[PDB]
Amino acid sequence: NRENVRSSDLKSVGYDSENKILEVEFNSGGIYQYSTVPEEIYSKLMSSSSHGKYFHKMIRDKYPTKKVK
Amino acid sequence: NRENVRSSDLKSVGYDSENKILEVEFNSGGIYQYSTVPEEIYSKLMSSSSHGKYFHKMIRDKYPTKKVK
Amino acid sequence: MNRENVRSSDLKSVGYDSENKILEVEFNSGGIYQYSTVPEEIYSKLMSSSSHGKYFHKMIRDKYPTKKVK
Amino acid sequence: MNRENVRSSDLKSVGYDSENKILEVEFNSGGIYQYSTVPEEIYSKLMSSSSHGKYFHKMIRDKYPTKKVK
Ligand code: NA
Ligand code: NA
Ligand code: NA
């Protein structure tokens with residue numbers, strides 16, 4: 001479900017628009033799920049010139065987060 | 001600016017079209033805020049049969065949820 | 001037919017799903033978006049309107065849950 | 001409803017909302033963490049536990065989506 005990405009930080013990104021869950025794979029190896037993420041956040045994250053900078057600015061710490069790997 | 005239709009087990013429901021945030025009170029006393037909730041989600045919440053059922057199917061776990069009281 | 005074409009300075013084609021209440025709008029600029037919990041009548045007024053752009057602006061956009069499909 | 005105070009070496013108050021599935025834990029460090037999709041019965045075993053901390057760390061932490069709120 002995860003579309004590949006470029007950042008020095010994250011490898012792939014998946015979205016469940018039906019349930020508002022973002023899923024991010026990171027280059028280190030960890031996979032993390034983000035809850036109640038609005039649609040355009042996922043859109044803006046995917047159309048950012050930098051994917052890693054948008055994540056730390058607008059996503060990390062600001063949505064409920066669970067680890068998956 | 002709020003209104004007790006109750007529901008399957010709701011208490012009171014209010015909204016801010018101007019800010020796109022929903023407010024919902026529960027029978028256990030709590031009141032929760034929901035952000036970036038589009039207008040018609042708030043409307044056909046209220047035209048629905050049982051509004052808790054809608055809440056639990058179409059709002060819970062889907063918008064930025066923030067305790068207010 | 002997925003989407004029926006539309007003459008507008010803004011909208012290109014519109015399609016509707018009677019079952020899951022999803023409207024699909026394509027724009028002359030290329031974007032495609034699905035609109036959830038859209039009532040049948042709302043899709044009817046949009047197609048019957050004399051300015052699809054003006055009806056879309058007033059009665060659809062930023063009012064129903066929006067998803068970008070293209 | 002506000003949080004209930006608690007006897008633990010790690011947390012100090014806990015509130016729950018059966019309908020929403022929102023847990024709220026206030027720690028003996030001073031943060032408040034909010035846990036989503038927590039079933040009603042996990043919250044009860046927590047308030048009923050001989051050690052709230054040993055239960056929370058084993059069963060709730062790193063098992064439900066978490067968000068810092070204070
Ligand atoms: Na980067
Ligand atoms: Na037009
Ligand atoms: Na303890």
# chains A, B, ... in the order shown; residues from 1 in each chain; ligands from 1
call {"tool": "select_by_dssp", "arguments": {"residues": "chain B", "states": "helix (DSSP H, G or I)", "output": "list in words"}}
result
residues 39, 40, 41, 42, 43, 44, 45, 46, 51, 52, 53, 54, 55, 56, 57 and 58 of chain B
call {"tool": "residues_near_ligand", "arguments": {"ligand": "ligand 1", "cutoff": "8 Å", "atoms": "only C-alpha atoms and all ligand atoms", "output": "list in words"}}
result
residues 6, 7, 8, 9, 10, 50, 51, 52 and 53 of chain A
call {"tool": "interface_residues", "arguments": {"of": "chain B", "to": "chain C", "cutoff": "9 Å", "atoms": "only C-alpha atoms", "output": "list in words"}}
result
residues 37, 38, 39, 40, 41 and 44 of chain B
call {"tool": "interface_residues", "arguments": {"of": "chain B", "to": "chain A", "cutoff": "8 Å", "atoms": "only C-alpha atoms", "output": "number ranges by chain"}}
result
B: 36, 61-65
call {"tool": "residues_near_ligand", "arguments": {"ligand": "ligand 3", "cutoff": "12 Å", "atoms": "only C-alpha atoms and all ligand atoms", "output": "PyMOL selection string"}}
result
chain D and resi 6-13+27-28+46-58
call {"tool": "calpha_fit_rmsd", "arguments": {"fixed": "chain A", "moving": "chain B"}}
result
0.8 Å
